[PDB]
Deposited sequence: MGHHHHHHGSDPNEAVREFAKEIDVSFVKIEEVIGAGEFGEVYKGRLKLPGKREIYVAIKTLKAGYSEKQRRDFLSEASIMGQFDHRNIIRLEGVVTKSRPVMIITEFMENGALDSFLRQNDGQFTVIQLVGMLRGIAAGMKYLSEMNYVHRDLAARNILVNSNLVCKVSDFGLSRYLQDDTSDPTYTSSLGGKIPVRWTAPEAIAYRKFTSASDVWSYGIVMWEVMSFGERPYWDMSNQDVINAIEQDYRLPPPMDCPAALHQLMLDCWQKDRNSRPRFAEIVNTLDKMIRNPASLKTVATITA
């Protein structure tokens, strides 16, 4: 049973706004009894789905429904007791962060980009302190609203932990590639990659290098260079997230504190590499 179960009559499905693993993402309208109608995004599961597909689809809604944070995509409702099965979230006008930035190259100031990163780190602090590992933290899995508020999304690979031993290569920590051992520290590595994506206006990490080239480079202690005009302190935070020893990486609480100090100390963001 889902606390956020909604009657199907409450949702009105409009245009397709994206694609998902199990089906399309649509823009829609949600009308809860005695409440003003809101715009929503709707994840659907294509007709003729297998029982495994349904279970996997809904496991995302189960993880999501456990979260209530500004920087974690809000679950507005789920449809499981009726057809079609749906996951209904708050509408994010600007979609995925990586493509939003590529389509808006040089549109935002360093402080605006830092504000976006602070929100992601706050969402990840909450997620990790709820004892979860995301395992798929990438700018493409971050959604952006009209006011540049960034929210962690795509909880399919998320796991309750403190290590998750498995049975997204250029975003994955080297120990997680080598041993299939995922922790909050391996999510911190992914976060460092997201920082690089944001300060690069959505450039692909490691550019045209193959997954194999990335694995080899990381093993040879290569680290991505600072993006154009990136403050030294922000690239240093990226390098801290990318320490070989996972225990040496900052925790998400520290990352938030660091970004909060930069936002308040303009001199800290006033020196390039």
(request) Could you please spell out the deposited residue ranges that have no C-alpha entry in the coordinates? (result) 1-17, 179-184, 191-195, 302-305
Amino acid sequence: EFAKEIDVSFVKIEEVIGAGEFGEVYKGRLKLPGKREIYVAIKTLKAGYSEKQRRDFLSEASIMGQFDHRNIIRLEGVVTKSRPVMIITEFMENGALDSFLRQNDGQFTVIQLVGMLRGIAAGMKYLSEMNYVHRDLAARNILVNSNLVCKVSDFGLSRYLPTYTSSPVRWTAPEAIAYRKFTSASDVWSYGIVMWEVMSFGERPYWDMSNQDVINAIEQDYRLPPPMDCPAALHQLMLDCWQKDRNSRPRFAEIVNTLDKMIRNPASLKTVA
From here on, numbers count along this sequence of modelled residues.
(request) Higher average CA B factor in the deposited record is what I'm after, so tell me if that's 12-20 or 254-262. (result) 12-20
(request) Could you check the entry and say whether 77-85 or 138-146 has the higher mean CA B-factor? (result) 77-85
(request) Could you tell me which one of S190, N71, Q107, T163 shows the highest CA temperature factor in the PDB record? (result) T163
(message) By the recorded C-alpha temperature factor, relative to the other modelled residues in its chain, which third is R102 in?
(response) middle
(message) Which third, lowest, middle or highest, does the C-alpha temperature factor of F57 belong to within its own chain?
(response) middle
(request) Would you check the entry's CA temperature factor for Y26 and let me know if it's in the chain's lowest, middle or highest third? (result) middle
(request) Just say lowest, middle or highest third for the CA B-factor of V169 relative to the other modelled residues in its chain. (result) highest
(message) Which third, lowest, middle or highest, does the C-alpha temperature factor of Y39 belong to within its own chain?
(response) middle
